[PDB]
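Written out below as structure tokens is the structure these notes cover.
Lettering follows sequence order; numbering is per chain, from 1. Basis for what follows: all heavy atoms, side chains included, without hydrogens, waters or symmetry-related copies.
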Amino acid sequence: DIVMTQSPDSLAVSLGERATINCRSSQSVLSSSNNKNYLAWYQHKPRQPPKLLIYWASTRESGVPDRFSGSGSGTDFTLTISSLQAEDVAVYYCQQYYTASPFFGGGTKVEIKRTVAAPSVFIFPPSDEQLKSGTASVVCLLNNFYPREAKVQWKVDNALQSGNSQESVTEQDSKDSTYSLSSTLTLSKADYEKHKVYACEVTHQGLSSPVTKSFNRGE
Amino acid sequence: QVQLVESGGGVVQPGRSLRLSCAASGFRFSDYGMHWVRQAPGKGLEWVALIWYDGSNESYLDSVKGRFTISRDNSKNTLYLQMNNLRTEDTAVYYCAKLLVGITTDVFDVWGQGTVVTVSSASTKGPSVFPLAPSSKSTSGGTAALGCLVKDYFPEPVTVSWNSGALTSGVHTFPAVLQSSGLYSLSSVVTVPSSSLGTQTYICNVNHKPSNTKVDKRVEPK
Amino acid sequence: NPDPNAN
């Protein structure tokens, strides 16, 4: 195997600034017969197939703009984007095509870096319609925040909830470069009816202390 | 155009078999080795298998070896992936692709559009749509949030719009999560001026084609 | 360093 390792796993770059992505192969991909590195870089956006950017480590593919460049040799390679454009937000993969098992790296997610924006937080009780079904979903929304890192903590009557929530995050917004997050706490109707206070507690680097939104069941 | 068109994806029970096909056109398919590559939910691209131009040798990802077979029919410019003994973790978008192994000159790559394979024992089920009602403590003169919870459906996808597509600003329709039940759930929210509550009508339109369900759900302050 | 292509 020639295994491919990329670093960092995610990168935030301000518009117009330089992006550097690194890639290491576990063995050399430089062929002694033609002195070429069997190393490619691919760009991958959601809902479409990957696109070839660079091959032979530094040969830029037709149609690819000259702000993309590949460098390195042997086991150490770099993709540089000299001046990030909004259309460059994507996951970038290195890949070796030296062997018959041409492994990809793990990918580097490149996003736009913008100013810090604390989330606005909203909590939603279960609907009466759903309760008549035997289940209670409690939803917490974190709206239009940046950076992406955020922690949601559910509390029921001040008791820390663990293992009964799932969350989902949007893609970076094309207009304001923020993220939003939905967290859903799922309880049986029976359990939901035993307790009074339902709280979503949110931690984010833009918030000097965690923000808690809460309701009392039946108000 | 140089192209690859995949077909054959769908929902398949664990332990069963599924064959994918990839129809090539616009280039000399029979001159090139060809591959399958997949992407599982929340994961990166993963090479799966390679077949020589003439079908004389094949190479496999260790975790599919003995379960998956790559083959080709050059007379039909078609590539196949026979997937047997399928497992939950084989759930993914599957791409066929030329890739660059063995390139010399006149270098090009080409990928299909992808076909979704979902390995699940779940049955088709339409969603329940529940309101995320705007809070009565919404800040006067500020911003309120409201939404719809689209719960317990299978398979993906659902489409959600607001006010028949007339409301797009401030909408966030989240990626679905797969619940332990094997059914999906997602939320769609929107932020609006608090002053618009009551005056403006907010309706989420939720379509789930597999179950033939089409709901328009009004969301009101409680 | 295989070549799975025609020659």
Minimum heavy-atom separation for [X] and [Y], please, with both atom names.
X: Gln6(A); Y: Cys94(A); answer: OE1-N, 3.1 Å
X: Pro102(A); Y: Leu99(B); answer: CG-CD1, 4.2 Å
X: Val110(B); Y: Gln3(B); answer: CG2-CA, 4.0 Å
X: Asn1(C); Y: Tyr38(A); answer: ND2-CE2, 3.9 Å
X: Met4(A); Y: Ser25(A); answer: SD-CB, 3.5 Å
X: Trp162(B); Y: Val171(B); answer: CD1-CG1, 3.7 Å

So, the side chain of [X] versus the backbone of [Y]: is there a donor-acceptor pair under 3.5 Å, distance only?
X: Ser180(A); Y: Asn144(A); value: yes
X: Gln39(B); Y: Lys43(B); value: yes
X: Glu58(B); Y: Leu50(B); value: no
X: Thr59(A); Y: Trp56(A); value: no
X: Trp36(B); Y: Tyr80(B); value: yes
X: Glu46(B); Y: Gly44(B); value: no

Original post:
Within a reach of under 6.0 Å around CG of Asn34(A), are more than 12 heavy atoms found that belong to other residues, nucleotides or ligands?
Top reply: yes
Original post:
Under 6.0 Å from the NZ atom of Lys45(A), do we count more than 12 heavy atoms belonging to anything else shown?
Top reply: yes
Original post:
So is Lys98(B) actually on top of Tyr32(B)'s ring, under 6.0 Å and inside 45° of the axis?
Top reply: yes
**OP:** Kindly indicate whether a cation-pi arrangement holds for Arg72(B) with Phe29(B), taking the cut-offs as under 6.0 Å to the six-membered ring centre and within 45° of the axis.
**Re:** yes
Under 3.5 Å, is there a donor-acceptor pair linking the side chains of [X] and [Y]?
X: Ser211(B); Y: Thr213(B); result: yes
X: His172(B); Y: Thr170(A); result: no
X: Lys113(A); Y: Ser14(A); result: yes
X: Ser128(B); Y: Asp152(B); result: no
X: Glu167(A); Y: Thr184(A); result: no
X: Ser17(B); Y: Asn84(B); result: yes

Subject >> side-chain hydrogen bond (donor to acceptor under 3.5 Å, both in side chains) between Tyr146(A) and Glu111(A), intermediate numbers included >> reply: CA-CA 11 Å; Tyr146(A) 189 86; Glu111(A) 69 180 27; 2.6 Å; yes
Show me, pair by pair, the donor-acceptor contacts under 3.5 angstrom made by side chains of residues 112-121 of chain B, not counting sequence neighbours?
from, atom 1, to, atom 2, distance (Å)
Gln113(B), OE1, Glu6(B), N, 3.2
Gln113(B), NE2, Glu6(B), O, 3.0
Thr115(B), OG1, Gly9(B), N, 3.1
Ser120(B), OG, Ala122(B), N, 3.0

**OP:** Would you please name every residue forming a salt bridge (charged side-chain N to carboxylate O under 4.0 Å, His left out) with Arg114(A), sequence neighbours left out?
**Re:** none
Original post:
Tell me the side chain to side chain donor-acceptor pair (under 3.5 Å) pairs involving residues 97-107 of chain A, sequence neighbours left out?
Top reply: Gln96(A)-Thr99(A), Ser101(A)-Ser59(B)
